[PDB]
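Undergrad: So here's upload_39.pdb, just PDB, C-alpha atoms:
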MODEL        1
ATOM      1  CA  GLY A   1     104.248  93.069 133.289
ATOM      2  CA  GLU A   2     103.067  96.390 131.732
ATOM      3  CA  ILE A   3     101.042  96.130 128.488
ATOM      4  CA  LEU A   4     102.107  99.300 126.597
ATOM      5  CA  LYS A   5     100.151 101.324 123.997
ATOM      6  CA  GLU A   6     103.362 101.599 121.900
ATOM      7  CA  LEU A   7     106.698  99.945 120.957
ATOM      8  CA  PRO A   8     109.394 100.228 123.724
ATOM      9  CA  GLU A   9     113.033  99.111 123.084
ATOM     10  CA  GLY A  10     113.748  95.815 121.298
ATOM     11  CA  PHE A  11     111.192  96.239 118.397
ATOM     12  CA  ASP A  12     110.859  98.074 115.003
ATOM     13  CA  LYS A  13     107.829  99.971 113.569
ATOM     14  CA  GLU A  14     108.506  98.737 109.984
ATOM     15  CA  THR A  15     109.190  95.120 111.022
ATOM     16  CA  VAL A  16     106.163  94.993 113.424
ATOM     17  CA  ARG A  17     103.724  96.477 110.810
ATOM     18  CA  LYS A  18     104.937  93.812 108.326
ATOM     19  CA  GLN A  19     104.805  90.970 110.962
ATOM     20  CA  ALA A  20     101.027  91.315 111.006
ATOM     21  CA  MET A  21     100.190  92.096 107.354
ATOM     22  CA  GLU A  22     101.315  88.588 106.344
ATOM     23  CA  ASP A  23      99.611  87.023 109.408
ATOM     24  CA  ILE A  24      96.247  88.596 108.342
ATOM     25  CA  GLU A  25      96.468  87.268 104.732
ATOM     26  CA  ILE A  26      97.383  83.775 106.003
ATOM     27  CA  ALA A  27      94.229  83.904 108.239
ATOM     28  CA  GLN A  28      92.098  85.172 105.264
ATOM     29  CA  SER A  29      92.741  82.124 103.038
ATOM     30  CA  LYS A  30      91.876  79.627 105.927
ATOM     31  CA  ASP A  31      95.435  78.433 106.594
ATOM     32  CA  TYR A  32      95.668  76.136 109.605
ATOM     33  CA  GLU A  33      99.261  75.034 110.377
ATOM     34  CA  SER A  34     100.771  77.662 108.021
ATOM     35  CA  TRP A  35      99.072  80.243 110.303
ATOM     36  CA  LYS A  36     100.150  78.293 113.453
ATOM     37  CA  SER A  37     103.780  78.816 112.185
ATOM     38  CA  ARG A  38     103.148  82.566 112.777
ATOM     39  CA  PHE A  39     102.272  81.908 116.484
ATOM     40  CA  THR A  40     104.453  80.514 119.308
ATOM     41  CA  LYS A  41     105.230  76.772 119.055
ATOM     42  CA  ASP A  42     103.226  76.506 122.323
ATOM     43  CA  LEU A  43     100.287  78.438 120.752
ATOM     44  CA  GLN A  44     100.303  76.031 117.768
ATOM     45  CA  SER A  45      98.929  73.513 120.315
ATOM     46  CA  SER A  46      96.659  76.247 121.852
ATOM     47  CA  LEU A  47      95.074  77.355 118.497
ATOM     48  CA  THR A  48      91.450  76.523 117.661
ATOM     49  CA  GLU A  49      89.875  76.143 114.190
ATOM     50  CA  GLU A  50      87.210  78.385 115.792
ATOM     51  CA  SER A  51      89.933  81.154 115.626
ATOM     52  CA  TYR A  52      89.617  80.835 111.776
ATOM     53  CA  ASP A  53      85.907  79.749 111.628
ATOM     54  CA  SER A  54      83.948  82.323 113.691
ATOM     55  CA  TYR A  55      86.527  84.751 112.205
ATOM     56  CA  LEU A  56      85.336  83.670 108.703
ATOM     57  CA  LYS A  57      81.718  84.651 109.607
ATOM     58  CA  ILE A  58      82.998  88.256 110.011
ATOM     59  CA  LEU A  59      85.281  88.042 106.939
ATOM     60  CA  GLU A  60      82.660  86.673 104.532
ATOM     61  CA  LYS A  61      80.681  89.977 104.726
ATOM     62  CA  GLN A  62      83.777  92.270 104.770
ATOM     63  CA  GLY A  63      84.748  91.792 101.107
ATOM     64  CA  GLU A  64      88.326  91.084  99.940
ATOM     65  CA  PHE A  65      91.416  92.820 101.409
ATOM     66  CA  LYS A  66      92.202  96.037  99.435
ATOM     67  CA  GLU A  67      94.812  97.854 101.594
ATOM     68  CA  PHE A  68      96.346  98.054 105.120
ATOM     69  CA  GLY A  69      95.154 101.287 106.823
ATOM     70  CA  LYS A  70      96.234 102.947 110.119
ATOM     71  CA  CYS A  71      98.604 100.885 112.310
ATOM     72  CA  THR A  72      98.734 101.479 116.060
ATOM     73  CA  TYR A  73     101.721  99.748 117.747
ATOM     74  CA  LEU A  74     101.675  98.088 121.169
ATOM     75  CA  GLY A  75     103.937  96.768 123.906
ATOM     76  CA  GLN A  76     103.754  94.035 126.567
ATOM     77  CA  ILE A  77     105.930  92.413 129.261
ATOM     78  CA  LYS A  78     105.383  88.914 130.697
ATOM     79  CA  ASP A  79     108.054  88.758 133.458
ATOM     80  CA  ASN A  80     111.341  89.615 131.716
ATOM     81  CA  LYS A  81     110.068  88.947 128.146
ATOM     82  CA  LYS A  82     109.119  91.960 125.984
ATOM     83  CA  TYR A  83     106.331  91.782 123.366
ATOM     84  CA  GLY A  84     105.529  94.020 120.342
ATOM     85  CA  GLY A  85     101.997  94.522 118.998
ATOM     86  CA  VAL A  86     100.162  96.353 116.198
ATOM     87  CA  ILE A  87      96.481  97.292 115.539
ATOM     88  CA  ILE A  88      96.723  97.419 111.767
ATOM     89  CA  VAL A  89      93.536  98.443 109.967
ATOM     90  CA  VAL A  90      92.564  96.452 106.954
ATOM     91  CA  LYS A  91      90.524  98.152 104.308
ATOM     92  CA  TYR A  92      88.415  95.199 103.080
ATOM     93  CA  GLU A  93      86.001  96.016 100.186
ATOM     94  CA  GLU A  94      83.127  96.575 102.703
ATOM     95  CA  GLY A  95      84.782  96.514 106.217
ATOM     96  CA  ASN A  96      87.726  97.804 108.311
ATOM     97  CA  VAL A  97      88.844  94.850 110.352
ATOM     98  CA  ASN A  98      91.608  96.363 112.472
ATOM     99  CA  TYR A  99      93.716  93.282 113.296
ATOM    100  CA  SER A 100      95.687  93.472 116.633
ATOM    101  CA  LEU A 101      98.767  91.209 116.259
ATOM    102  CA  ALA A 102     101.050  91.077 119.321
ATOM    103  CA  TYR A 103     104.125  88.737 119.597
ATOM    104  CA  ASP A 104     107.455  88.281 121.485
ATOM    105  CA  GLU A 105     110.930  89.673 120.507
ATOM    106  CA  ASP A 106     111.689  86.133 119.168
ATOM    107  CA  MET A 107     108.886  86.940 116.624
ATOM    108  CA  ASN A 108     106.190  84.316 117.414
ATOM    109  CA  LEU A 109     102.589  85.591 117.683
ATOM    110  CA  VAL A 110     101.267  85.647 121.203
ATOM    111  CA  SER A 111      97.953  87.626 120.990
ATOM    112  CA  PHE A 112      96.047  87.884 117.684
ATOM    113  CA  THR A 113      92.630  89.559 117.746
ATOM    114  CA  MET A 114      90.773  91.513 115.073
TER     115      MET A 114
ENDMDL
END
Rewrite the structure from the file as structure tokens, please.
TA:
Amino acid sequence: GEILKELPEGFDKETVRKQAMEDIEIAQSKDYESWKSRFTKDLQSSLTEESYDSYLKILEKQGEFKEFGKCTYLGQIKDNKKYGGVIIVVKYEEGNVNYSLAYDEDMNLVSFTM
């Protein structure tokens, strides 16, 4: 379906900003199956360690997380399923890594990028 640039009906700006903040900080500390628990149960089998290994190569020269900056919100549809996203800036000590965390209404992450 359509992949919106914003939250349509069935989501919340406060809840969606928060459901990304956590997910970032669980990725930071190289959590494997604790970070899988953020994704869909299907995606827990689809996750790579490369998703938190190549990621670490970026992170290691960004500094430590200081604050969450500007948060864009996003939408998606699969067929009948609606999905809520967020491009939430992270002010690391040296880098803005603007993590894009998109998930279903059931609240299981479906599309994490940075």
Undergrad: To one decimal place, how far is atom CA of residue A:19 from atom CA of residue A:44 in Å?
TA: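 Rounded to one decimal, the two atoms are 17.0 Å apart.
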Undergrad: Selected by the PyMOL selection byres ((chain A and resi 83) around 10) in the shown coordinates: which residues, as a ChimeraX atom specification?
TA: /A:3-4,7-11,74-78,80-82,84-85,102-111
Undergrad: How about saving the chosen residues, C-alpha atoms kept, as an mmCIF file, keeping the file's coordinate frame?
TA:
data_model
loop_
_atom_site.group_PDB
_atom_site.id
_atom_site.type_symbol
_atom_site.label_atom_id
_atom_site.label_comp_id
_atom_site.auth_asym_id
_atom_site.auth_seq_id
_atom_site.Cartn_x
_atom_site.Cartn_y
_atom_site.Cartn_z
ATOM 1 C CA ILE A 3 101.042 96.130 128.488
ATOM 2 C CA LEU A 4 102.107 99.300 126.597
ATOM 3 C CA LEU A 7 106.698 99.945 120.957
ATOM 4 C CA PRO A 8 109.394 100.228 123.724
ATOM 5 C CA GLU A 9 113.033 99.111 123.084
ATOM 6 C CA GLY A 10 113.748 95.815 121.298
ATOM 7 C CA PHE A 11 111.192 96.239 118.397
ATOM 8 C CA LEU A 74 101.675 98.088 121.169
ATOM 9 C CA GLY A 75 103.937 96.768 123.906
ATOM 10 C CA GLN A 76 103.754 94.035 126.567
ATOM 11 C CA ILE A 77 105.930 92.413 129.261
ATOM 12 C CA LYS A 78 105.383 88.914 130.697
ATOM 13 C CA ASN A 80 111.341 89.615 131.716
ATOM 14 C CA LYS A 81 110.068 88.947 128.146
ATOM 15 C CA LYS A 82 109.119 91.960 125.984
ATOM 16 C CA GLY A 84 105.529 94.020 120.342
ATOM 17 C CA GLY A 85 101.997 94.522 118.998
ATOM 18 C CA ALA A 102 101.050 91.077 119.321
ATOM 19 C CA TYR A 103 104.125 88.737 119.597
ATOM 20 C CA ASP A 104 107.455 88.281 121.485
ATOM 21 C CA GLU A 105 110.930 89.673 120.507
ATOM 22 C CA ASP A 106 111.689 86.133 119.168
ATOM 23 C CA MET A 107 108.886 86.940 116.624
ATOM 24 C CA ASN A 108 106.190 84.316 117.414
ATOM 25 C CA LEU A 109 102.589 85.591 117.683
ATOM 26 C CA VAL A 110 101.267 85.647 121.203
ATOM 27 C CA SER A 111 97.953 87.626 120.990
#
Undergrad: Evaluate the PyMOL selection byres ((chain A and resi 24-39) around 9) against this structure - the residues, as a VMD selection string, please.
TA: chain A and resid 19 to 23 40 to 45 47 49 51 to 53 55 to 56 59 64 to 65 90 99 101 103 107 to 112
Undergrad: Would you export the selected residues with C-alpha atoms as a compact mmCIF listing (two decimals), keeping the file's coordinate frame, please?
TA:
# COMPACT_ATOMS: atom_id res chain seq x y z
CA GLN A 19 104.80 90.97 110.96
CA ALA A 20 101.03 91.32 111.01
CA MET A 21 100.19 92.10 107.35
CA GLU A 22 101.32 88.59 106.34
CA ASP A 23 99.61 87.02 109.41
CA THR A 40 104.45 80.51 119.31
CA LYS A 41 105.23 76.77 119.06
CA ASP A 42 103.23 76.51 122.32
CA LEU A 43 100.29 78.44 120.75
CA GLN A 44 100.30 76.03 117.77
CA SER A 45 98.93 73.51 120.32
CA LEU A 47 95.07 77.36 118.50
CA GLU A 49 89.88 76.14 114.19
CA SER A 51 89.93 81.15 115.63
CA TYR A 52 89.62 80.83 111.78
CA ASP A 53 85.91 79.75 111.63
CA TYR A 55 86.53 84.75 112.20
CA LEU A 56 85.34 83.67 108.70
CA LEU A 59 85.28 88.04 106.94
CA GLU A 64 88.33 91.08 99.94
CA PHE A 65 91.42 92.82 101.41
CA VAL A 90 92.56 96.45 106.95
CA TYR A 99 93.72 93.28 113.30
CA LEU A 101 98.77 91.21 116.26
CA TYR A 103 104.12 88.74 119.60
CA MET A 107 108.89 86.94 116.62
CA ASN A 108 106.19 84.32 117.41
CA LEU A 109 102.59 85.59 117.68
CA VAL A 110 101.27 85.65 121.20
CA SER A 111 97.95 87.63 120.99
CA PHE A 112 96.05 87.88 117.68
Undergrad: How would you write, as a list in words, the residues chosen by the PyMOL selection byres ((chain A and resi 94) around 7) on this structure?
TA: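 Taken on the displayed file, the PyMOL selection byres ((chain A and resi 94) around 7) yields the residues residues 62, 63, 92, 93 and 95 of chain A.
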Undergrad: Which residue is closest to residue A:66? Choose from A:17, A:91, A:113, A:97 and count all atoms listed in the file.
TA: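 Of all the options, A:91 lies closest to residue A:66.
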Undergrad: Nearest residue to residue A:2 out of A:50, A:60, A:67, A:79, using all atoms listed in the file?
TA: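 Smallest distance to residue A:2 is found for A:79.
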Undergrad: Which residues come within 8 Å of residue A:98, counting all atoms listed in the file, excluding same-chain residues fewer than 3 positions away, as a list in words?
TA: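 The contact residues come out as residues 87, 88, 89, 90 and 114 of chain A.
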Undergrad: What separation in Å, quoted to one decimal, exists between atom CA of residue A:100 and atom CA of residue A:72?
TA: 8.6 Å
Undergrad: Could N, CA and C atoms be built for stretch 52-86 of chain A and written out as a compact mmCIF listing (two decimals), in the coordinates of the input?
TA:
# COMPACT_ATOMS: atom_id res chain seq x y z
N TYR A 52 89.74 80.59 113.23
CA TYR A 52 89.62 80.83 111.78
C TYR A 52 88.34 80.18 111.24
N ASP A 53 87.24 80.27 112.03
CA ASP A 53 85.91 79.75 111.63
C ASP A 53 84.83 80.78 111.97
N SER A 54 84.79 81.20 113.26
CA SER A 54 83.95 82.32 113.69
C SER A 54 84.46 83.61 113.02
N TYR A 55 85.80 83.72 112.97
CA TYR A 55 86.53 84.75 112.20
C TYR A 55 86.02 84.87 110.75
N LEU A 56 85.78 83.71 110.10
CA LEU A 56 85.34 83.67 108.70
C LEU A 56 83.93 84.25 108.56
N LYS A 57 83.09 84.11 109.60
CA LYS A 57 81.72 84.65 109.61
C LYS A 57 81.73 86.19 109.49
N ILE A 58 82.73 86.81 110.14
CA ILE A 58 83.00 88.26 110.01
C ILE A 58 83.44 88.53 108.57
N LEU A 59 84.49 87.80 108.16
CA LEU A 59 85.28 88.04 106.94
C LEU A 59 84.44 87.97 105.67
N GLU A 60 83.49 87.02 105.67
CA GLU A 60 82.66 86.67 104.53
C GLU A 60 81.72 87.81 104.11
N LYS A 61 81.53 88.80 104.99
CA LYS A 61 80.68 89.98 104.73
C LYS A 61 81.50 91.28 104.86
N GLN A 62 82.84 91.14 104.77
CA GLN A 62 83.78 92.27 104.77
C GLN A 62 84.25 92.60 103.36
N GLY A 63 84.10 91.67 102.41
CA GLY A 63 84.75 91.79 101.11
C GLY A 63 86.16 91.23 101.14
N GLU A 64 86.90 91.45 100.05
CA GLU A 64 88.33 91.08 99.94
C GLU A 64 89.20 92.25 100.42
N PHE A 65 90.37 91.88 100.97
CA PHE A 65 91.42 92.82 101.41
C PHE A 65 91.82 93.72 100.22
N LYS A 66 91.88 95.03 100.46
CA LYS A 66 92.20 96.04 99.44
C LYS A 66 93.50 96.76 99.79
N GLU A 67 93.71 97.02 101.10
CA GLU A 67 94.81 97.85 101.59
C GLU A 67 94.92 97.72 103.12
N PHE A 68 96.12 97.94 103.67
CA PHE A 68 96.35 98.05 105.12
C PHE A 68 96.32 99.54 105.51
N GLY A 69 95.33 99.92 106.35
CA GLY A 69 95.15 101.29 106.82
C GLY A 69 96.07 101.65 108.00
N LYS A 70 95.52 102.42 108.94
CA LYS A 70 96.23 102.95 110.12
C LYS A 70 96.71 101.82 111.04
N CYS A 71 97.97 101.91 111.48
CA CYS A 71 98.60 100.88 112.31
C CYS A 71 99.07 101.52 113.62
N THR A 72 98.30 101.27 114.67
CA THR A 72 98.73 101.48 116.06
C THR A 72 99.80 100.43 116.38
N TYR A 73 100.76 100.73 117.25
CA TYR A 73 101.72 99.75 117.75
C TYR A 73 101.55 99.63 119.24
N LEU A 74 101.99 98.49 119.79
CA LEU A 74 101.68 98.09 121.17
C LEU A 74 102.92 97.47 121.81
N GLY A 75 102.88 97.39 123.13
CA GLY A 75 103.94 96.77 123.91
C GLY A 75 103.33 95.85 124.93
N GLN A 76 104.14 94.93 125.45
CA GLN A 76 103.75 94.04 126.57
C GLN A 76 105.04 93.58 127.27
N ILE A 77 104.90 93.16 128.53
CA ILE A 77 105.93 92.41 129.26
C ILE A 77 105.22 91.25 129.96
N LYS A 78 105.86 90.08 129.95
CA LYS A 78 105.38 88.91 130.70
C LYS A 78 105.96 88.96 132.12
N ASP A 79 107.27 88.72 132.21
CA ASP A 79 108.05 88.76 133.46
C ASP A 79 109.33 89.54 133.16
N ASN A 80 110.13 88.98 132.25
CA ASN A 80 111.34 89.62 131.72
C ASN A 80 111.26 89.70 130.19
N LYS A 81 110.26 89.00 129.60
CA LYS A 81 110.07 88.95 128.15
C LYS A 81 109.29 90.17 127.68
N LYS A 82 109.74 90.77 126.58
CA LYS A 82 109.12 91.96 125.98
C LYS A 82 108.37 91.51 124.73
N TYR A 83 107.22 92.14 124.48
CA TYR A 83 106.33 91.78 123.37
C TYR A 83 105.90 93.04 122.58
N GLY A 84 105.89 92.93 121.24
CA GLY A 84 105.53 94.02 120.34
C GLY A 84 104.25 93.71 119.60
N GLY A 85 103.32 94.68 119.60
CA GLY A 85 102.00 94.52 119.00
C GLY A 85 101.73 95.57 117.95
N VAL A 86 100.60 95.41 117.24
CA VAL A 86 100.16 96.35 116.20
C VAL A 86 98.67 96.16 115.86
